[PDB]
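Cβ atoms come from the backbone with ideal geometry, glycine included; neighbour counts cover every protein chain shown. Where a number appears in this text, it was derived from the coordinates with a stated rule and is not lab data.
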Amino acid sequence: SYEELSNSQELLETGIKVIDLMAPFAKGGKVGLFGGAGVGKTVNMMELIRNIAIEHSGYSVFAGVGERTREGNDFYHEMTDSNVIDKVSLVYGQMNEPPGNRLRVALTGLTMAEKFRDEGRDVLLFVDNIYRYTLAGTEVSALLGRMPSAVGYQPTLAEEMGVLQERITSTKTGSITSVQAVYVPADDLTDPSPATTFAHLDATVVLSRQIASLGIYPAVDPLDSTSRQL
Amino acid sequence: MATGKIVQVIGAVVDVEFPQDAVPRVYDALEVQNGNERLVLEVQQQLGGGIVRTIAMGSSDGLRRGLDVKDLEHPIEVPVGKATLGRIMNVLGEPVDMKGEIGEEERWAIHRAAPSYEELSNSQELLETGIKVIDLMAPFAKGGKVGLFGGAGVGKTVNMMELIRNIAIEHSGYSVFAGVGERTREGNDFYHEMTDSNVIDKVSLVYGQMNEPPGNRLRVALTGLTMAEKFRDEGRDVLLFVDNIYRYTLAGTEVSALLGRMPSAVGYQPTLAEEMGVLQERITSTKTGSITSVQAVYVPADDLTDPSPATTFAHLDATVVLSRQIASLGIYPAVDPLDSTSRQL
Amino acid sequence: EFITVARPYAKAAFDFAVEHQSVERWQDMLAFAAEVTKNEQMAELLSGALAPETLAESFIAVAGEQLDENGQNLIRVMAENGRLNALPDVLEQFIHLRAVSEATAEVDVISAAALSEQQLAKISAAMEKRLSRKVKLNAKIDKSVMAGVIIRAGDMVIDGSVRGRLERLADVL
Amino acid sequence: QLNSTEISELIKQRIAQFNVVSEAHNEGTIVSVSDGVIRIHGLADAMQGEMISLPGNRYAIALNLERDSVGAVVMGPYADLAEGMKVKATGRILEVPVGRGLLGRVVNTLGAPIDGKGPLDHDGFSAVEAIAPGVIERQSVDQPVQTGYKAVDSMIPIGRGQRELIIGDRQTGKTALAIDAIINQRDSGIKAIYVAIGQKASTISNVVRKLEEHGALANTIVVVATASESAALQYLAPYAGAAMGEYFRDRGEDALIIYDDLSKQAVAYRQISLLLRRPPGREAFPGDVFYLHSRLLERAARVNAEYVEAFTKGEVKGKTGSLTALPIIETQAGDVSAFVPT
Amino acid sequence: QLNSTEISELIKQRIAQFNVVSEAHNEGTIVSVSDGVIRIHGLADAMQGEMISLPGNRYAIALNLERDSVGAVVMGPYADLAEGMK
Ligand SMILES: Nc1ncnc2c1ncn2[C@@H]1O[C@H](COP(=O)(O)OP(=O)(O)OP(=O)(O)O)[C@@H](O)[C@H]1O
Ligand SMILES: Nc1ncnc2c1ncn2[C@@H]1O[C@H](COP(=O)(O)OP(=O)(O)OP(=O)(O)O)[C@@H](O)[C@H]1O
Ligand SMILES: Nc1ncnc2c1ncn2[C@@H]1O[C@H](COP(=O)(O)OP(=O)(O)O)[C@@H](O)[C@H]1O
Ligand SMILES: [Mg+2]
Ligand SMILES: [Mg+2]
Ligand SMILES: [Mg+2]
């Protein structure tokens, strides 16, 4: 409920220089990494996992939604070889699985993160790719007998995104801190799915292929990355 | 008696069924009691046995399936002539100035054919606006059409008001103002301007405002044009001011989607050019009398290239194309001399 | 083709006929309705755009020897939805539903040689082992099999023809 | 070739008796449930735009009246509903609590308190859908609405009864400018209304916190339709706020309504339309999307003192009322050419 | 109890009795009117591109020959026409 929500100004330092200066991210808020194919939004999240785990003590949940199985396998063995696995819970719905699995795997991960919130803890929730969740709905939508909307998307896109986004939030009993990778198709930052994703985030870091091609990593665009905390 | 029943209600489109013998004709008018209020319907299509698809001339809220409907066996007919001067009326020709009944002696139908080819007239009497760029680059004749082409916020209303001041006061004759999809605030401003100028008693006003249902805005222009034609056939020379032709086409688009017409390019109706032509051809000067017309046209996004501005260019004698770029630099009037001209030059 | 829109009417009419047990009478009523639909002068009318009420009552006047309460009211429903041409298919699906309910099946027996009565007898017994339903055998004679018997229980087919055995062998090599 | 909700047991009922009895035209049954749209069989007397009562305490709005079907959109959590549930049509169009006691409250689009400060002390109910004052009932705008920003108040004046569009891309200060305009009315005699469509709930909490740090909250009504609420509630949220603004206008007072992301309303009406299988248009928006915003924004008016005397039955004499609108629109990389922005 | 031939003859008899006649192959009736396009039921012998004669000395053109109707376009003011005209 709106009555149950909470707000905090506490800066949660992240090692990466660009993210903290341009877009500071506070504990209990939402962070979104926007980028096209192969621009570093998975690797940036692994650096955030490393740096945030320095000063965080509690449990964490990881939702692998419609991404490579190899990334998850490598992640799992890095976690187990560093003995930090005892504190992370993992759900996997990777890109080879049929549409229903990829659609409902995200909701499952939120269920677990909400348990650890409701125990009064603070929780870190990482979502491997939220774009796939909307795309699974697209893949299913026409077969359900629904007229297409905008660029072939399902007519209920905004509600499908909102109904998931509004429950990954902090409350007066506990707080969820979340990082979401947001794939953008064909490098088009005006596409309706990325466009409606922008409104649901506190800090948005926008990666760009032009900067990665110049060798500059992490390829953050300082003229589009922003935060509510600056 | 009432001989028909409503079978569907979808937005502004009302489906009515009658016995197969007495099916109303296209552009006929029907009447139904919506709660306490009388609602007028206009017949657009005859489809199947006994059913007519119709457009509501008022709010659709409160209509039930199975309501009785009565077929008034004629198109919508409006009061015309001397009794309309100084009065504000809606699409149906009802009084909305709260001064009482119109008290007309004659009523005409808003759907009619254009003047015959044999009946047209050619004359080139020049008219003086007092405005440099217009008088210089786009001189007006008398009896021609004048298009003021512009996007949002470029001076169409200010130019129309200045042109009204300069032409109307010197005209020494009747005039008609048609507000099609016009802002209510600007209609009030114009009415108070006309009464403060003490010229209101030579002007008849028809208003269909933005908030009104698509049926009202669609047929408002035809109402004003019918009044102008009444004054023309009496043998007079009259001014017809139409505050935006674009929303006639746009009301047509909203209607067309639900009429079951298959969509066309840029989302427009298939009938766009036909509808425009059926309106514009009535606006002419004949061997018996003259209508002089000034029309504003909204060009979306300053494109000037999408079908509605494209189709309307063909009909006009004088063309003035206001440009956002000149206005933005702060120069008024914003007329572009490289795209504006009159066939009187 | 009205195969998919006929099912609701066939099912509903069959259930109602069962509740009032006059299934055979209902089948007669529908047979009469299907034959009037094939008439040259009626098939023109049914395609015209008359309002359902007038069209239906013309059909009802023509449709004598039906039950006003139930059969002619089925006609009214089909007229409303503009589906009177579905009657020749509603009839077939009603007959299918009856065959299912009566646990009785119709099957075809095909051979190049006219079958002896003992062959048909043993076929019927064996089929009643394979099929829970009782079986009505239909004899068709076609030189195509060249020898042997083709068993055709609708979509379920058991092929016992020499030619079938031969053209099956040809693809093994 | 397709079926049209002609299904077995309904057909059998009609077979038993074609001219089925009158029974009650007041009631019917749900035959389908999906994505917040329900189809109802029956309801012979349901009017277009009427509220339909559902099991529990929930409602739907009858939007499509078709040949033996009503299409209705559910104004809440729909997934609990089921086929075969009975429904009854009310006589009622949607109405919302209205009054002076709403100042300082946060409410949903049905006017239910959402801040937890207890029940409302409203002044009766007003219809959500209503007609604007006519041409002869307006008065020209001449009084100022002081925004407090030098650039706006100098170059782009806003008067009492004006409709001023705020338009730009994401993260450009639209929300901040509007809400600072609310704060500047803290000591101006203009009541303020902020209606938020499709925004995430914690952002609304944050702006209410900023409105509470300054003294502005005690002078404003906040109407909320979060991203998790059904499209019907988002689509109807602007009109309820307008119905609350019209209370002050019709009684000779001034109000300022800040519609936030009217675009996130247009998406909602589109969702309803495409789920109701109406013919789509440009960018797949419904054809009648212009009429939506057109009949919302034309309620923002200044009304002459004779209208105020006629409405208040002479209780208030000689004062004009006003409602000022500040819609907010989001552009895709600034292209004014898009359908809703144009 | 009755056979197919019997039922067929009875159907033809009762069809004759209640006067459900068929069109003449060169004639038909308008069944829909919209936007200058008219739908005609009948005209079994009409050919594509042929001229269809309307009342009031008006013309139309047979453009869309269909299984159950002839879609034709009016070459003049169309608004007079009505569902049911020959
Ligand atoms: N800091 C960095 N320095 C150098 N290369 C980098 C850096 N960050 C990312 N990259 C490059 O980006 C590649 C892909 O990384 P990553 O998986 O994070 O990208 P992505 O945009 O999320 O891709 P995808 O959606 O396909 O998984 C790396 O293999 C590497 O070449
Ligand atoms: N005058 C100002 N000076 C400094 N920062 C400002 C000013 N006005 C707004 N901002 C900042 O701009 C940022 C975005 O604010 P705001 O949410 O109002 O933008 P917007 O264009 O309405 O965005 P959106 O559509 O995503 O909600 C905030 O960090 C806010 O503090
Ligand atoms: N001749 C002019 N002098 C001063 N301002 C003008 C002139 N023409 C247009 N404007 C400006 O244009 C705006 C109003 O123009 P208007 O004609 O009402 O818009 P539209 O062209 O969309 O109808 C105001 O900013 C007004 O100051
Ligand atoms: Mg990756
Ligand atoms: Mg204007
Ligand atoms: Mg904002």
Given labels modelled 7 Å from the Cα in the Cβ direction, how far is it in nm from D:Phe18 to B:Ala301? 5.5
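Work out, in µm²/s and without decimals, the Stokes-Einstein translational diffusion coefficient of the protein assembly as shown at 4 °C, 1.567 mPa s, Rh from Kirkwood over C-alpha pairs. Intermediate values should be presented prior to the final figure.
Working: Rh = 35.0 Å.
The Stokes-Einstein estimate is 37 µm²/s.
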With just the Cα atoms defining each centre, how far is the stretch A:36-95 from the stretch D:122-174? Give it in Å. 49
First measure r as the distance between the Cβ atoms of B:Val133 and B:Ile169, then evaluate 1/(1 + (r/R0)^6) with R0 = 22 Å and state the FRET efficiency to the nearest 0.05. 0.60
Please report, in whole Å³, the volume per residue of the convex hull around the C-alpha atoms of the stretch D:179-232. 69
For the stretch C:104-118, list residues with backbone N below 17 Å from a point placed 7 Å from the Cα of C:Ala125 toward its Cβ? C:116-118
If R0 = 22 Å, then D:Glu83 and C:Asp155, at their Cβ-Cβ distance, give a FRET efficiency to the nearest 0.05 of 0.10
Mind checking B:289-297 for the average number of partner chain beta-carbons within 10 Å of each residue's beta-carbon? 0
When only Cα pairs under 8 Å and 6 or more residues apart are kept, what is the percent relative contact order across chain C? 21
Total charge dipole magnitude, the protein assembly as shown, about the Cα centre, Cβ charges on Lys, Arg, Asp, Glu only, Debye to nearest 20: 1620
When each of B:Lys99/B:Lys202; A:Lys27/D:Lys210; B:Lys5/B:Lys99 is checked by Cα-Cα distance, pairs over 24 Å: B:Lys5/B:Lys99
Which peptide among A:73-84, D:139-150, D:42-53 comes first, and what is the full order, when sorted by highest mean count of other Cβ atoms within 10 Å? D:42-53, D:139-150, A:73-84
Taking alpha-carbon centroids only, the stretch B:303-345 lies from the stretch A:117-172 a number of Å equal to 48
Just subtract the alpha-carbon distance of B:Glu186 and B:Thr288 from 0.36 nm times their residue separation and send over the number in nm, one decimal. 33.3 nm
Only Cα pairs under 8 Å and at least 6 apart count here; give the relative contact order of chain A as a rounded whole percent. 33
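Is there a simple number for the mean count of other chain Cβ atoms within 10 Å of the Cβ of residues in B:123-129, and what is it?
0
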Fewest Cβ neighbours within 10 Å first, please rank D:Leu262, B:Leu329 accordingly. B:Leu329, D:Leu262
With unit charges on the beta carbon (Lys/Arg positive, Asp/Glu negative), name the residue among A:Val43, B:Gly143, D:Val145 whose Cα is farthest towards the positive pole of the charge dipole of the protein assembly as shown. A:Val43
What do you get for trypsin sites (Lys or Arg not before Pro) in the stretch D:260-342 restricted to DSSP loop and a cutoff of at most 16 other Cβ within 10 Å of the site's Cβ? D:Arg277, D:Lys313, D:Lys317, D:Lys319
Here the averaged projected area of chain B, based on the convex hull of its alpha-carbon atoms and given in nm², is 18.3
Theoretical FRET efficiency, 1/(1+(r/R0)^6), r = Cβ-Cβ of B:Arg324 and C:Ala43, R0 56 Å, to 0.05: 0.30
Any idea what the dipole of chain C comes to, in debye rounded to 20, about its Cα centre with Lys/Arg Cβ at +1 and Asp/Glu Cβ at -1? 1120
Separation between the A:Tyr217 and B:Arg38 pseudo-spin-labels, each 7 Å from Cα along Cα→Cβ, expressed in nm? 7.9
Span from the the stretch C:34-65 Cα centroid across to the the stretch D:1-26 one, whole angstrom: 22
Any idea which of D:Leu65, A:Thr134, B:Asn90 is furthest toward the positive side of the dipole for the protein assembly as shown, if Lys and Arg beta-carbons carry +1 and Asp and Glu beta-carbons -1? A:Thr134
Once you have the Cα-Cα distance between D:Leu2 and D:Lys117, take 0.36 nm times their residue separation minus that, and quote the gain in nm to one decimal. 36.1 nm
Nearest-20 debye value, chain B charge dipole, Cβ charges on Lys, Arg, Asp, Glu: 260
How far is it, in nm, from the label point at A:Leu11 to the one at B:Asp339 when both lie 7 Å from their Cα along the line to the Cβ? 5.1
Among bridges DSSP assigns within the protein assembly as shown, what percent are antiparallel (round to 5)? 55
Determine the sum of side-chain charges near D:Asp68: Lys and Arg each +1, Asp and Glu each -1, restricted to other residues whose C-beta is under 10 angstrom from that of D:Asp68. -1
Per-residue average of other protein chain Cβ atoms inside 10 Å, peptide D:15-23 -> 4
